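In case you want the letters, here they are:
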Amino acid sequence: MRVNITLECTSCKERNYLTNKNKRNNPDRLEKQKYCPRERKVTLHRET
Amino acid sequence: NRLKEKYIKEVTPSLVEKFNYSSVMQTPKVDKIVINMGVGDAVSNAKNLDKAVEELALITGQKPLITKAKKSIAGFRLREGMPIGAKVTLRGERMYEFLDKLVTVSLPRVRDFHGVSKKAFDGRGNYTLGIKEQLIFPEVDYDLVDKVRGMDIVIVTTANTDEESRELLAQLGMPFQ
Amino acid sequence: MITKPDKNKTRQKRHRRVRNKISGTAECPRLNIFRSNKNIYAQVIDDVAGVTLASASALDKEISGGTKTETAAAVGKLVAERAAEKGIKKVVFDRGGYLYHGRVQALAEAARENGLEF
Amino acid sequence: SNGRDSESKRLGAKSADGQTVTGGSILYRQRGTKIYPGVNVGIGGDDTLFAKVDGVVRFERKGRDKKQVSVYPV
Amino acid sequence: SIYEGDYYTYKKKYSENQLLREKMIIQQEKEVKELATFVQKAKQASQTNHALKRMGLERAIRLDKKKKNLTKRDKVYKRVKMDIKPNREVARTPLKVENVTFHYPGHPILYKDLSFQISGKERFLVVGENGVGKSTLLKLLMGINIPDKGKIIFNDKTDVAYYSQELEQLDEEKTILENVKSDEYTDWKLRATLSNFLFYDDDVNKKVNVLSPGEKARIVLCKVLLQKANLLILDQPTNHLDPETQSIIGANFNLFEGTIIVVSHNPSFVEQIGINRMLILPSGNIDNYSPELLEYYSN
Amino acid sequence: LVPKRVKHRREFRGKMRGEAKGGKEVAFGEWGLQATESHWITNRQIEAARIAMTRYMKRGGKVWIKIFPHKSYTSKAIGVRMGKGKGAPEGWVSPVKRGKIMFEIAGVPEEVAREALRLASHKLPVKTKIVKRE
Amino acid sequence: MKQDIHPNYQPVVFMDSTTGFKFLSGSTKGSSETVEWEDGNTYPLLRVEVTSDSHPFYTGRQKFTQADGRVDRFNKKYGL
RNA sequence: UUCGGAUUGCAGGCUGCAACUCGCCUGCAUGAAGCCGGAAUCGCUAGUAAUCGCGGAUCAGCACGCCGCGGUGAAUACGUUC
RNA sequence: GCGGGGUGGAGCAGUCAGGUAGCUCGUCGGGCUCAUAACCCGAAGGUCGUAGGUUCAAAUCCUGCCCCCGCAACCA
RNA sequence: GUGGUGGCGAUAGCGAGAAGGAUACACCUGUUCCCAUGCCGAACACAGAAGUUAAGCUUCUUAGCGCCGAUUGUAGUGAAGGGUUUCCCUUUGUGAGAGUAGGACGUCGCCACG
RNA sequence: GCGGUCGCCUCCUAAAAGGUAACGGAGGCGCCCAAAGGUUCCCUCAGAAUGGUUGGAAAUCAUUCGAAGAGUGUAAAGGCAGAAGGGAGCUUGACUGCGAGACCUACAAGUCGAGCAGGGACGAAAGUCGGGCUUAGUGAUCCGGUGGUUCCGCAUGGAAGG
RNA sequence: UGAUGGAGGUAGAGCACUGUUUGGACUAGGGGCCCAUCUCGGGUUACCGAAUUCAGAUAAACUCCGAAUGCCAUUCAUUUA
Ligand SMILES: [K+]
Ligand SMILES: [K+]
Ligand SMILES: [K+]
Ligand SMILES: [K+]
Ligand SMILES: [K+]
Ligand SMILES: [K+]
Ligand SMILES: [K+]
Ligand SMILES: [K+]
Ligand SMILES: [K+]
Ligand SMILES: [K+]
Ligand SMILES: [Mg+2]
Ligand SMILES: [Mg+2]
Ligand SMILES: [Mg+2]
Ligand SMILES: [Mg+2]
Ligand SMILES: [Mg+2]
Ligand SMILES: [Mg+2]
Ligand SMILES: [Mg+2]
Ligand SMILES: [Mg+2]
Ligand SMILES: [Mg+2]
Ligand SMILES: [Mg+2]
Ligand SMILES: [Mg+2]
Ligand SMILES: [Mg+2]
Ligand SMILES: [Zn+2]
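Residues numbered from 1 in each chain as written, not as in the entry; some residues may be left out. Chains lettered and ligands numbered in written order. Part of a larger assembly, values for the part shown. Heavy atoms only, no water.

- Method of determination for the deposited model, per the PDB record: cryo-EM, at 3.0 Å resolution.

- Per the PDB entry, chain F goes by 50S ribosomal protein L16 and derives from Enterococcus faecalis.
- What UniProt records for chain F under Sequence similarities (unreviewed entry) is the sentence "Belongs to the universal ribosomal protein uL16 family."
- The UniProt entry for chain F carries this comment under Subunit (unreviewed entry): "Part of the 50S ribosomal subunit." (UniProt positions renumbered as here; feature names shortened; annotations may be inferred.)

- Per the PDB entry, chain D goes by the name 50S ribosomal protein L27 and belongs to Enterococcus faecalis.
- UniProt's Sequence similarities (unreviewed entry) comment on chain D is quoted here verbatim: "Belongs to the bacterial ribosomal protein bL27 family."

Structure representation (structure tokens):
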């Protein structure tokens, strides 16, 4: 089951990115180091 | 190293003379020994492959590489990439030691051993011995074996012709039939 | 019967792919490295003109020698200074299809230290 | 049951050989690299050949059996 | 869902609701089949029968609207299936315990010169109360505890399977499949049995650390089942199990064709197994099983 | 004659214009039947001509059928209006263009060959003539 | 050669028990008994009852009697 | 299994003109099924059953069968419903 | 062209909702009977129509194909 | 001459045969070193210079294959017309593929050691 | 009328730019992938012959031949063996604000895009990276949900609601 | 309209790929016949024959090739608007 997901910056809680993932292949919340435009630096974003 | 010593001392001059080699570089030599262990039973239970790998490692002294099925085959209940079959590659000193042990100890212990075949050649000068059963190698321990299995040992040499390979292998010691 | 592939041929197969994205200009020449079992050779080339601006190697007789790695360092220093004399500072380093690990890496570091910017 | 077909994608050459084009002009629309990007020419994500800089478009033959596009500024 | 009353009232109310729901789905299916049956009759009629063809399309529209409002029957939760069989056969003397004394260093002796002998295909109950040595005795047989005195002999024909009381046989760090991995079982064989224990598909890749106590209990039981031993040392097996799984466990053990050394404070579970001999603690008493178990409990 | 397999169930009728691309000379047999006009030839016509030729030859000698009916053609039943897709395949044909050597024969005297080829021609729908090997 | 993945390997001497013919070769098995060897070096020793020299095939002379034919058996039994 | 003694190889003994079709017996060699037996079924109320040997008639040779003999030696019979 | 079906000798389950091939009758053999029937006890008989895919795993899901059945193949 | 390194459509290739290592390149010896093989110092990496042109590589011969390929003719066809018009023909311009004559066992540069 | 069809992608029709109809001839899509993305390094296939325990046409192994006859998640076409195919290491560029100029086009849309800035991944460096060999995998507005917001706030401060 | 340069795979042609396909040669191999059956080894049909090879065809959805035209463009040329 592949679903659209939102990656939110952990630092400022800003829903910066939209992506998608297969729940079965990745049961746990995804986490990626992405650039947060609000904070203007690379931060850890975790699916919401 | 004994087999290597025997090669360089006796075999190399003998082959040079027999085949009138202009330069010593022409001398055929054993390049590598590839021992292959085909285990289709891994499909039924991977523990058969595990024990085969363990026995092979004990025999060879090197951890074997576990080959995988390049193509799925339904006839054998085989799936592509399944870890069926293992092999070990021996070169240099380990190659010579294993061949020497095979000639001296392993081969005689074969039941009613009348020698090895003399037609099992690729046609280029490389030989392959199909061992029917283990327990001929002293490291197998004759009891741990829950399932008896064989193997296929491939002697690859720089001989262009099967005749040179046979003579070289004979001089190194090979009980042909 | 078994054929051992020519190591130089395999090197060149890799080297073509490297050259697909590394090329030498008059103002940014190509630093090409050739590694032999005995020696190592470096050239500074302008592919556009197809002329070697500078050259050095273990046979210059100005390299006192030693371990092949140390000879590579001497070659790097010598080629860098010769290129500087001819007015070259920047270059693009072609590893000749080799692995940027040993003698070639030593030569590259020597060139960097002795003045070639890359 | 037949009767389906996609919209034509208007592929082909969009600039003539010897024509002067502004930088970034699309020169050739293609599926795959039917023609390769040459001097001052880039290839887009969908294989489209465009001019990097202003110049004259030239379709040469890349070797024995391949074509190529270059843009030569004047 | 929250009901007012007791467990039976919940069962009564629940059973009725699923019954009344089931009847609703039956009638919705009949109407759909009826329309479907008419739609097919029109579909295969001659193209020259215009009116029937017309009515067929009109009913095709109703059929579509029906199939889109047709309640799905909830899949009834599947119950555990256990088939425990011994690889080998029991002997007349599976286990010999003779003059066994044991004490935990610094504590009173639990039993002195304990001697019993099991018969084979016997239901042996180790009765007692809390903190009396029941689990210690079972640990003694397996080898966890070395007897202070005496001997414990297992016949060479006896294979033993141990179910510990506190679920100490699972690696919390590993997954369900990794825990059950055995040299004697292939992958699909493991999955099939785990499916018999209600672990479906990627439920077997879950870490044991996140499972509930009840789900962990099934994994331990599965390990016991996969041994195919002829002697079962079970220490409170029904603990942590839902009432439905308990009855399944007891019924299957009753049919087990092997020796069972069991401990259980659950009166229902022991009744299903049909105990033969009970060993009372701390007062060592090898006795024939009967409702006299209550007499020992009273005393 | 019918192909064992076909890439496509249905195919364009096509167009016949000019001389045949190849096979305009007798290759195997001593004599051959050359088409002087272009026309479709059905497997039925090929078979009829072949049977006539063999029967007159008394099975003495060899016969080659140079042409083969690769192409398929469809049709629509009576009472079917235009439209609603192409018709179901009906028969097989070989588009034969003038100059094609449809049949060859060998191992027989000239007069027997000429008479056998004459019978075959009358079975075929195209005007033909006899051509001798070179 | 990678470390900590291969089974243990050590040089070991071999003697033919039937003859005593001696040779040095590596092995995975370990022999409690150890013997010395020219160059004054000691290694574990694996006594071998059947080796190349021992086995009849390598020597060229076969121990077995090849049995007796029935004709000769009959002649012997009945003195004919 | 030191139970088992089938099957099989070799080598012997005998009787007889003759042991292959096709005898018994012995030595070495091997060690089969078989772990107390489904539906049902047989004998027996005492020196009986059960169990153990011995003789003999036929008979050149050939019995686990038959006739007979002796050794040890029970359990049970409530009762006539089936 | 529209549907329905291919599982032991026959008739059916099991499918939906993937983990395990059963049920009834019948057949073979043995019992019981004077004999037959009925009855009692054993045993056999299918890799799920076939060929490919999904899956750790297919009678089960997907694709095609071959068979069997019913219907239709033209209306003023 | 040899080694690097390039440009030009293989006319630069392939096959076959022959000669050479002065240097150079090579095989070649080893695994202590950085470094490595889903096993193997075979590879890659590193150290070294005993032996050999055997192979690779360079040079040379070879038209067997591959490659290039004129001219002529023809098919097709633009244009203008004609005919008995599912097709065919004329004038005019263009003109292949195929088959061939032949060409070709490369050439034009730069660097270093000779 | 019945049957079929309705949007999108690929091929032929399509007449060597592009475009081009038919209830013309063939197939696909309503996804998938946390790597099957990025980068650095490395590697080359399918089959055939010969030899070889289980093992058989065919499992695994070796030598040789083999230029693509394989593979490229998914239809077809185009393209790719200087890989776009295959393996490993590290990573998240499957980035943010844009965007000269182009293609396509009635509009709405659709497509490509150097380059600039911010801050990064890989690599020694050059440099590559704004998803995947390319081309389908999608739906206007209205209305509503959720998060953020230095915006507004019906006398003013809030709020309500935007 | 001429000149020049280009993009593209149609007509034609071709078989280098993929389909369809004919005859010859040879045969892996499959067939039934008998001997030998432990169905084992022959000996057979000008028995049937894969693949290979030779020769010969064929194609909208084949291409080693490939026009005439048309098309795009040129600070070009002539005429024109
Ligand atoms: K005619
Ligand atoms: K007898
Ligand atoms: K009995
Ligand atoms: K007698
Ligand atoms: K080396
Ligand atoms: K050489
Ligand atoms: K040539
Ligand atoms: K990667
Ligand atoms: K062809
Ligand atoms: K065409
Ligand atoms: Mg299209
Ligand atoms: Mg893209
Ligand atoms: Mg306890
Ligand atoms: Mg017993
Ligand atoms: Mg009486
Ligand atoms: Mg008596
Ligand atoms: Mg030509
Ligand atoms: Mg056109
Ligand atoms: Mg077009
Ligand atoms: Mg890819
Ligand atoms: Mg206000
Ligand atoms: Mg044509
Ligand atoms: Zn943030």
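Next comes the rest of the account.
### Quick notes on the packing of helix α1 (residues 43-57) of chain F against helix α2 (residues 110-123) of chain F
All names here are of chain F.
No. 1: Where α1 meets α2, the closest approach of the two axes is 8 Å, and the angle between their N-to-C directions is 155°. On the basis of their axis angle, the class for α1 and α2 is roughly antiparallel. In terms of crossing hand, the pair formed by α1 and α2 is right-handed. Together, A48, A49, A52, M53, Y56 and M57 of α1 and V112, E115, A116, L117, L119, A120 and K123 of α2 make up the contact between the two elements.
No. 2: Tallied by class, the residues present in the contact of α1 with α2 amount to 11 nonpolar, no polar and two charged. (Axes fitted to C-alpha atoms, helices over the stretch in contact; angles between N-to-C directions. Helix = DSSP H or I, 4+ residues; strand = E, 2+ residues; numbered from the N terminus. Parallel < 35°, antiparallel > 145°, perpendicular 65-115°, else oblique. Left-handed = near helix turned anticlockwise from the far one by under 90°. Contact = heavy atoms within 4.5 Å. Nonpolar A, V, L, I, M, F, W, Y, C, P; charged D, E, K, R; others polar.)

### Focus on the protein's contact with RNA strand I
No. 1: Around RNA strand I lies a shell of 17 residues, among which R79(B), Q44(E), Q47(E), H50(E) and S195(E) are the nearest.
No. 2: Among atoms of RNA strand I positioned within 4 Å of the protein, sugar and phosphate together represent 57%.
No. 3: A distance of 2.3 Å separates a sugar or linking oxygen of RNA strand I from a polar backbone atom of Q44(E).
No. 4: Within the side chain of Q47(E), a nitrogen or oxygen atom sits 2.5 Å from a sugar or linking oxygen of RNA strand I.
No. 5: Those elements giving two or more residues to the surface near RNA strand I turn out to be α1 (7-43) and α5 (187-196) of chain E. (Near = heavy atom within 4 Å. Polar contact = N/O pair within 3.5 Å; in protein donor to acceptor, adjacent residues only side chain to side chain.)

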